[PDB]
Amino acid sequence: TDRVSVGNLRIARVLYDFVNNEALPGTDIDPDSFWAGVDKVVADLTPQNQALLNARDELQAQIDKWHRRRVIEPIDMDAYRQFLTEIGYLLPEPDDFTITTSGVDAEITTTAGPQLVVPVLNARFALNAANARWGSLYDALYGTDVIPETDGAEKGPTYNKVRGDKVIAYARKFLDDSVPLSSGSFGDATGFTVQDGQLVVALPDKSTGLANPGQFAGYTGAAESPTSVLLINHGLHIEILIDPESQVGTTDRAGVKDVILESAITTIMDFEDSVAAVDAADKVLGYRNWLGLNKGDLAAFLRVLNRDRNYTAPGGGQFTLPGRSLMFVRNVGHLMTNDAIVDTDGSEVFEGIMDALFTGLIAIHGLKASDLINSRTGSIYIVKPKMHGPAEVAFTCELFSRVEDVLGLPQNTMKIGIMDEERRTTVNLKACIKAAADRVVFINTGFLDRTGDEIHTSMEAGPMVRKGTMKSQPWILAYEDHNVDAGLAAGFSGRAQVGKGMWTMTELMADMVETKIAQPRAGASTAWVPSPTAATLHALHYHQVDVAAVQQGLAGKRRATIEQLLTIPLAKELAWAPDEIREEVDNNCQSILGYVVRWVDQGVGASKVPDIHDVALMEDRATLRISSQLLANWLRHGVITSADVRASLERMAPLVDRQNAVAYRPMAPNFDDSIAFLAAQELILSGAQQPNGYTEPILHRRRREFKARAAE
């Protein structure tokens, strides 16, 4: 066979070799001890892993049955709440406490700023993300719709000076708003110098300093004619590049070439919802990238990781700043198994357990010199998604503890970023944080998964509101506030991130800049962006909003009740016309097909897919979880018929085919000959029966089916 025997396990050879030849050397872990550990941890924790999965199903069955026996229109909230408490769904809230997590880096405990999420299987993208710690504001403004492409300001094949000037003026205002001069505007600056350790800005008829000289962080080049000036605001750096001989500098009144923003402070290297990995070959591609990132030798010319940045202090001494985003890794959650390892019965091993062992092993390299150090404070940062309730958090705690022992790492080295993205976590959040009180480095509202769970949990209650309506329903607004309240009450300020979710409209940057400011205004010290460009633009918000002061002001407040959290997003009687229903169906089918076709045929786990209004959306598994669950819910309650679904899928399919074009295999007109098309259909028609509406069981099965056919 193509497998290696270790105790009860049979490990795919490709994975075995990868760990031995690439991951283990340099960690000082004895290979025999490692592998024995893998067998032992898998043997010991699998039963509990399974019990937790069975408990989800049992809770969901009871809730389904609660709704079916009811019939009374307005849900009786006190009865419902009492029921959830009876079945162990809603648990008692623990007494107040403060987290004790230690050895965490400044980028997490203290700095407020953007957090970038990127598929770890794409080496190019992962490299750009790691390097996105610094980014060009001019490139972000000029390249996106933040500067409207009005008459005369259009993007052309070459530099448009009218447009460039708008970019320059936008940035000058940003400087005025962020690091104000004692008098006058950056708009009128003619030059910058450093004198007696102070920044001096030349204006036309006078010179001025910063209103707050402490915002002067340093410079490069000669004090008397620097090549750049470095400022800091709300803990984030801004660098003005000075080069009158450059394309842009020549047109600028002070010779400014660009303004660089400290952008993606941290990055989450994702093994979960943004990637398609269904076997040992896929997992190894991902692990190898994660390894190269931690060793600092990942290279895709040849794209490489950036070095730290050198500056001159105001007084004239030297210092450096991190040139790379501080990396988390997102492991998969408790649900899935993967045949990369099977036992003697042929049973697949739980994937989350494997990720903990393998990504944790690999992360050791990031704690040491690259022939440079991810975590200088000695932590490994793992995001754990899709947990349901505090027992599941406790299980993750014990899993990490056992892995630490296998890896010979100190206890509590492996830190947890907690996704608050399932209903049973939301309503037990304080208890969940408590279960990880010494490991937690963030909580984050994964609002898309959370929306999927909301629909699945109350699937039997009645038909839900439209997808677009969900983002503004009472339950979700209360969930957002409740998350911030819980983190602040647990002492997260100055210790751990309070984070919010992803902006998915990748081309609507003007809208993001206008709207996403709500997140740090709500006291979030970080929030998710899909790209380095969006990281730079989102950074703007942290310069405008003093998140630390916002969090301080929110202290003690309790702004969401349990009743609000439990407000099921049921649609009102006769809420939609035939045309609105048709739109929702087509919108969901197009998005499902666009994403699924690339998942199943090409193993791409995150894709831009134009919705029904032709808005580009970054789709991942969570957005698919919503679309499929919504249609499943509408089909369950007779809003639409199975023919509506079929016709819509059949309608949208040729359009999606058109949207694609070398490793692409058309779904139409032979729909039922396309594994990808059938996958999409199955996600909808079996939606109600998937545990918690999770999409992986079907996606993994169908992707594997596709690969097997392709191999013959």
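C-alpha atoms forming the largest set that superposes within 1.5 Å between two forms make up the rigid core. When you see a residue number, it is the position in the sequence shown, counting from 1.
> With the rigid core as the fit anchor, does 372-380 or 464-472 show bigger C-alpha shifts in 4 other deposited structures of this protein?
Comparing 464-472 with 372-380, the one that moves more in 4 other deposited structures of this protein is 372-380.
> Does at least a third of the other compared PDB entries (those resolving both flanking residues) leave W576 without coordinates?
No; none of the other entries leave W576 out.
> In at least a third of the other entries we lined up, does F301 end up with no coordinates?
It is, since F301 is left out of at least a third of the other entries that model both flanking stretches.
> Going by the PDB record, how many residues of the deposited sequence fall between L570 and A571 without any coordinates: none, 1 to 3, 4 to 9, or 10 or more?
Gap between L570 and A571: none, chain continuous.
> Residues without coordinates, deposited sequence, stretch from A661 to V662: is the count none, 1 to 3, 4 to 9, or 10 or more?
Gap between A661 and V662: 1 to 3 residues without coordinates.
> Looking only at CA atoms, which has the higher mean B factor in the entry: 98-106 or 266-274?
Taking the mean C-alpha B-factor of 98-106 and of 266-274, the larger value falls to 98-106.
> If you take the mean CA temperature factor per stretch, which one wins between 73-81 and 469-477?
That would be 73-81.
> Per the coordinate record, which of the options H234, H456, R423, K155 holds the highest CA temperature factor?
Highest C-alpha B-factor among the listed residues goes to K155.
> Just grab whichever of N160, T396, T536, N588 has the top CA B-factor as deposited.
Out of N160, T396, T536, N588, the record gives the largest C-alpha B-factor to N160.
> In terms of the CA temperature factor given in the entry, to which third of its chain does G37 belong: lowest, middle or highest?
Middle third of the chain for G37's C-alpha B-factor.
> Would you please rank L45 by its C-alpha temperature factor against the other modelled residues of its chain and give the third it falls in: lowest, middle or highest?
Its C-alpha B-factor belongs to the middle third of this chain's values.
> Which third of the chain holds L53 when residues are ordered by C-alpha B factor: lowest, middle or highest?
Bottom third by C-alpha B-factor.
> Can you tell me which third, lowest, middle or highest, the CA B-factor of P25 falls into for its chain?
Its C-alpha B-factor belongs to the highest third of this chain's values.
> Give the position of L630 by CA B-factor within its chain, expressed as the lowest, middle or highest third.
Ranked within chain, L630 CA B lands in the lowest tercile.
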